[PDB]
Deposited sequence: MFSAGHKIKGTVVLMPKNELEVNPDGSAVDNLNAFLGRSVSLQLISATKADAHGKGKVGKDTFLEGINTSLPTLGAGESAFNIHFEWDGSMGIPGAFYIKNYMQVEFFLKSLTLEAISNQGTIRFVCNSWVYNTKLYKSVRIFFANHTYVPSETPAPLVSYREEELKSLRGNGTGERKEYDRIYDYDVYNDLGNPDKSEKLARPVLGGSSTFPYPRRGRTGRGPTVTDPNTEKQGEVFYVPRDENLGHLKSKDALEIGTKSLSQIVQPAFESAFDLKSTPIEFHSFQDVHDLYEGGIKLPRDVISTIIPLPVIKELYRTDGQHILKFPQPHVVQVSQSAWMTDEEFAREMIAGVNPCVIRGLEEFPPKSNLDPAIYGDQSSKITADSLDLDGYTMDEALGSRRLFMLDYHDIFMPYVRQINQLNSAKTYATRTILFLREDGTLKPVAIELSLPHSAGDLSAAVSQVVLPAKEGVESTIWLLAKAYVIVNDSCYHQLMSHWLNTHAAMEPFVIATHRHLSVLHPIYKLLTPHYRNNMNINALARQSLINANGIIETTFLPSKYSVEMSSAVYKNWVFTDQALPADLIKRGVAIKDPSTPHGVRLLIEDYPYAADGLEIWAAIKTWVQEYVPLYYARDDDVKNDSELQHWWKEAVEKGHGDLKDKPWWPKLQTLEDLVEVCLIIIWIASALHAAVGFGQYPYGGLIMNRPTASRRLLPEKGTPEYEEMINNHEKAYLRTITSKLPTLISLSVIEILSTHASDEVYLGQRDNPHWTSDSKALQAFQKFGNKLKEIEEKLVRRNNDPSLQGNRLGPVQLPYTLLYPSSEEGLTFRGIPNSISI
């Protein structure tokens, strides 16, 4: 007769306005069809009343009673239509129907019916490959997909749920100034790039190839995550930083209310001790904003205090040590660039006709390898390098033509000591050299030194290295390889895999907040004259450098074992648990990452078989095949030709692709992301820019190295004002929202009705817990101290799976969520 159902929803900001004829639902049959084969639809059914029974009821949520006339002729409900007749939208959580129970997991904004082209349809929590879809739901499944894809035209609106691709043509602002014009990134051979979410705002007036600015950069609506607590809206903080807080900081400098430069290292440490005094109206501009009220401690009047960075919590001075400089290449913010070095001297692939002779000036006899010969070091696999020579060299001339930017293309040679720690043994600071250079600056090699001006020169050499490293980290390791590389897979998934699809359910938790942060990023973070361009060395060249890097991006080399082998920091070895032997045995990121990688592998390998018995079952999944084809040929379309893309005709291939996508989105992004403020919150430890080359022996600047080495250093790195802005942004990006969903968690316990999938998932969480105890034990092992803690005494907890809220230096979210 009647089916008792409970609707749980969330009003935008009494429940009684929801009763009456405000909201109707219509059940759809999974089993009885009409003469066109489509599931039969019941009658419009309105909310009956507010349920106060249910005690399991989350915050902001409210439950409503409802009764469906559902009869013999109608069969089993497999979906439902919902119409919202109210003017304001509400967030639908779920429908439960009792009698056994049917569960519908919705988690979607429902706008006023008149705004929707066709009626919002939701499905029950059963999982089906396309060939298993009940026949009465087949056309409903596929029409919902066509609806999500749209038609590639039109300006997207807030309530749209249309997923499509476009190039990075929305970063420049040529209508405001030709100086803010930028190259379109994506869709050419000069500038290949991942695609991003189409917004459709239309061309600028001055350039038909650049998209006009907008106050809100659209994402499909359910990608724009709300938060119950405003403190958790960390992604919007990036937008307030650009629009409100940065200008407020600038004004204090424009009005000469604070010294323009740091004059000593204590001036930097003061930021997290007594604070910085700023004008009352600057404070009062910043202080009441959500996020920025959590970012800084304040007296409400003139003081802002930054949190004390982890890297200085035990020793203020230990970042200066050569031990920590090298340790952070294997356990720092950017732990995935170091390579094995198997010949000496190191070589370049770059054209000597353009840049001059590219031969290394580092001589073997000059290096202290703890009594080893070069041949012994090379052969024992104890020689490594941090090589930014070929990466940076093509951009040095252009960067150094900028006002107040000067860099080298750096190389660092490291030696793996018998005690298992790395030490740095030389830094080569390279400059391009063509006839008809106006500059007389030359390349040079700097070797470690603990006293005198040679010590300062060596500290300045590490700084140039770390400028290189930070730019690479922020633009490549971080932006390109996580945020940018993942968005095409997000878009493809929603375009081609139905919410009913097992691989949809598998992957989509690993996309939470990714489109949203990326869009806010295109607007405020990587835009023309945005945060990154105004805080980091390459200025207007930054994002385009990441395009140049993308030329060499290989999907299958994002797999952790493949990465470690390609970089020469491990070798394949089947006698081992993970199939590889580390050449740096206490390499924290890699050792811990392999543990996470294996756990994700086991989980995918257990999930996939539940839905695909054989390789044929993969080949014949038409959604799956359309998904992958588009993700490659459209989403990463500039690399579509490349031979290394898995073909996706086998269970092996499906598992491989899912495993890698999940790896990028969770542990890789975590390992590169949540260290930014812990390590970089001391600007001297992770400088973002350099402003001068090394001084000539005859000059006042050289005498400053002798007489005031802290000032020389500070004059060389990021200025005070850009430091304040970059500290503020990395502080945001290193903070876990209280409402994050971590690896081994899902936002709903009823995401599927398949108990087998649910039990596999619980084993995965149990393993991650198991892994966490093991990493604790590694951090507590006194013989691992040198690489896992260092002289900074900072336990490597970046790949601990779990965390509480905040700036914690641990915790692996499911997704790229900040």
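Enquirer: Where the model has no C-alpha, note the corresponding stretch of the deposited sequence, numbering from 1.
Expert: According to the record, the gaps fall at 1 to 5, 19 to 30, 117 to 120.
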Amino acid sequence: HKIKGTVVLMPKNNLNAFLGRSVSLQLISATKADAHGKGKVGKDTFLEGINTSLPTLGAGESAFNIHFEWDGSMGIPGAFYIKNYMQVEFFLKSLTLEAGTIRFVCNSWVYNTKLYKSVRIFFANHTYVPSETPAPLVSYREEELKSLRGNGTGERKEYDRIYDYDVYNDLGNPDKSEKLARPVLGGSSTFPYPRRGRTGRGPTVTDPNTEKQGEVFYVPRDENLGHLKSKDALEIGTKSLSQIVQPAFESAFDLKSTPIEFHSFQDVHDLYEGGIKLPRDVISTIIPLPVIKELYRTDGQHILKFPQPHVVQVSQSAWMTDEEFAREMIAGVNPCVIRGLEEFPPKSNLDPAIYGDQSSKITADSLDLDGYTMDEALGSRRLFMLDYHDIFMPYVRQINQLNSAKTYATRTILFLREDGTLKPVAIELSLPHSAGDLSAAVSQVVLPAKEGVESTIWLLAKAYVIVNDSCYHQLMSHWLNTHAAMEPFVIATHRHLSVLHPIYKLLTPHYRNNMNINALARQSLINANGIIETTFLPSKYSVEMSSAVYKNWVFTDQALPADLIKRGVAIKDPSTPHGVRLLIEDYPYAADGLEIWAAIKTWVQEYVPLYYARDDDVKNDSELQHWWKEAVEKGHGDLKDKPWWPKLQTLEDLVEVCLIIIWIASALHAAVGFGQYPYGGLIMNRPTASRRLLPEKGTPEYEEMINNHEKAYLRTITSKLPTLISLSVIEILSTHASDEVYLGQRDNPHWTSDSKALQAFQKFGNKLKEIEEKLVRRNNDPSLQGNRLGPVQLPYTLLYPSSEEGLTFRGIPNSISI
From here on, numbers count along this sequence of modelled residues.
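Enquirer: State which stretch shows the higher mean Cα B factor in the entry: 755 to 763 or 44 to 52.
Expert: The stretch with the larger mean CA B-factor is 44 to 52.
Enquirer: Can you tell me whether 706 to 714 has a higher mean C-alpha B factor than 605 to 613 in this record, or the other way round?
Expert: Higher of the two, by average CA B-factor, is 605 to 613.
Enquirer: I'd like to know which of 801, 795, 20, 806 has the highest C-alpha temperature factor in the PDB entry.
Expert: Among 801, 795, 20, 806, the PDB entry lists the largest C-alpha B-factor for 20.
Enquirer: Based on what the PDB entry reports, which of 533, 254, 222, 342 has the top C-alpha B-factor?
Expert: By C-alpha B-factor in the record, 254 ranks first.
Enquirer: Within this chain's modelled residues, let me know which third the CA B factor of residue 432 belongs to: lowest, middle or highest.
Expert: Its C-alpha B-factor, which the entry lists for residue 432, ranks in the middle third among residues of this chain.
Enquirer: Relative to the other modelled residues in the chain, which third contains the C-alpha temperature factor of residue 215: lowest, middle or highest?
Expert: As the PDB entry reports it, the C-alpha B-factor of residue 215 lands in the middle third of its chain.
Enquirer: Check where residue 35 lands among this chain's C-alpha B-factors and tell me if it's the lowest, middle or highest third.
Expert: Residue 35: CA B-factor falls in the highest third of its chain.
Enquirer: For residue 774, return the chain-relative third of its C-alpha B-factor as stated in the PDB record: lowest, middle or highest.
Expert: Middle third of the chain for residue 774's C-alpha B-factor.
Enquirer: Which third of the chain holds residue 66 when residues are ordered by C-alpha B factor: lowest, middle or highest?
Expert: Highest third.
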